[PDB]
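Values quoted throughout were computed directly from the atomic coordinates according to the rules given, and no laboratory measurement underlies them. Backbone-built Cβ (ideal geometry, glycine too); neighbour counts: all protein chains shown.
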Amino acid sequence: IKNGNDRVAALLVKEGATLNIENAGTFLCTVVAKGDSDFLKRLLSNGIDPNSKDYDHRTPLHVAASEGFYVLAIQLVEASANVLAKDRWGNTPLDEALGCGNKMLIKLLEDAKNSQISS
Amino acid sequence: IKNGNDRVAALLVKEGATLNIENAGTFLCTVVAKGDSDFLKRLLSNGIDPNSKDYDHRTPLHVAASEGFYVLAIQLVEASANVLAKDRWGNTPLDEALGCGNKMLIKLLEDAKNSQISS
Amino acid sequence: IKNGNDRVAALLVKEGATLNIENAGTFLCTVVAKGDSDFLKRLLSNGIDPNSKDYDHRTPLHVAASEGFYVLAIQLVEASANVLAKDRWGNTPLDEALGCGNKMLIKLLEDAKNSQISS
């Protein structure tokens, strides 16, 4: 995945494979902080849990919402990631995005909240 | 570049190579609308002009600002892209970003405008 | 250090060895989650700065106070790395320690914070 061998990774999952990551809660969050999109997208298709919680109970949705990243949150909401979660002190990912201030992200967060409400 | 073989892509640059495409301004903004970042990043590594204008006098800055790609905005301005340009009818990229409404992008646009003012 | 052999580490640092690691703030706060006191105790012997912060600008003091540790907090307090630093959530580590509880360790943390504030 890391070295751009997406073609090779197709055979491994076809024959049966799954990456195992220690500190997966913060490993996903660190990638979000980096800003790379292709690397994040490729690992998401491998079955990694988008709702992985770090040591401080922080889903990767918070990092994208806090940093204001828009495209990086499109894949996350496309993987049926939870949007009604809470932080260590208690903060919804939609509320965190609204707290920072982003009109474009507010509509996307509202649609995600509506989808979660509809279930 | 398209296949991601940056190992061979950098080899041709050292031996002497460049991107020879038609309608550079139109090609760049279409990639921005797609949202891919790694492919966009590798394009700028070859020295492509980030201020190439499309058929309607639209720099790639307008597309990123209008849509709201915050991560792509940093990459575009990292190549000394012009920020005081105008659209066909007349609209600065900072004004276009401000018109859509984005507090995070406004600060980034203001810093870009300050850098252009400082020159 | 990971292999528990400090004899080599003492010789290496004597020759002018510097402990530099990528995203040191993230690594310095995930260790306290596992409770590896022995690994952390020898970590401070190499002069690595314990004031580093993760992507959320949370020092290891913040997570240690949230985790509710007494022995681990004592060692980190002795390092004298800040007293009350604002995080992304805006909560001071002293407030987090008081909110968590542990009056046996809260008083020690408050006394350590008061000593650091006095200096």
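Quick notes
- By Cβ position, the chain C residue that hugs the axis carrying C onto A most closely, with its distance in whole Å, is C:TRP89, 2.
- Prolate/oblate/rounded call for region A:73-119, Cα gyration tensor, a/c under 1.5 rounded: oblate
- Chain A - charge dipole about Cα centre, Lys and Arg +1 at Cβ, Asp and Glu -1, debye rounded to 20: 120 debye
- Its Kirkwood hydrodynamic radius, worked out from the mean inverse distance over all distinct Cα pairs, puts region A:11-85 at 12.7 Å.
- With the highest mean first, a sort of the peptides B:3-9, C:75-81 on other beta-carbon atoms found within 10 angstrom per residue produces C:75-81, B:3-9.
- Between identical copies, the spacing of C:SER115 label points, each set 7 Å from Cα toward the C-beta atom, reads 4.6, 5.3 nm from nearest to farthest.
- With its label point defined 7 Å out from Cα along the Cα-to-Cβ axis, C:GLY68 lies at 3.8, 4.0 nm from the matching points of the other copies, in increasing order.
- Residue among A:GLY99, B:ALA79, C:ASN91 farthest towards the positive dipole end of the protein assembly as shown, charges placed on Cβ: B:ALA79
- Dipole moment magnitude, nearest 20 debye, the protein assembly as shown about Cα centre, only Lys, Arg, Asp, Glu C-beta charged: 240 debye
- Measure of compaction for the protein assembly as shown (Cα Rg per 2.2 N^0.38 Å): 1.16
- Helix-only CD estimate at 222 nm, as mean residue ellipticity for the protein assembly as shown, using -39500 (n - 2.57) per DSSP H run (n ≥ 4): -16500 deg cm²/dmol
- For the residue pairs A:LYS2/B:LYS41; A:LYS103/B:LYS113; B:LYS34/B:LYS86; A:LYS34/C:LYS86; A:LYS2/A:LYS34; B:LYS2/B:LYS41, alpha carbon separations beyond 19 Å are given by A:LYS103/B:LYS113; B:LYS34/B:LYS86; A:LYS34/C:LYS86.
- Teacher prompt: A:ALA10 distances to equivalent labels in other copies, 7 Å Cα→Cβ, nm: 2.6, 5.7
- Inverse of mean 1/r across different Cα pairs in region B:49-97, Kirkwood, Å: 10.6 Å
- Rh by Kirkwood over Cα pairs, then Stokes-Einstein D for region A:1-51 at 0.890 mPa s and 25 °C, µm²/s: 210 µm²/s
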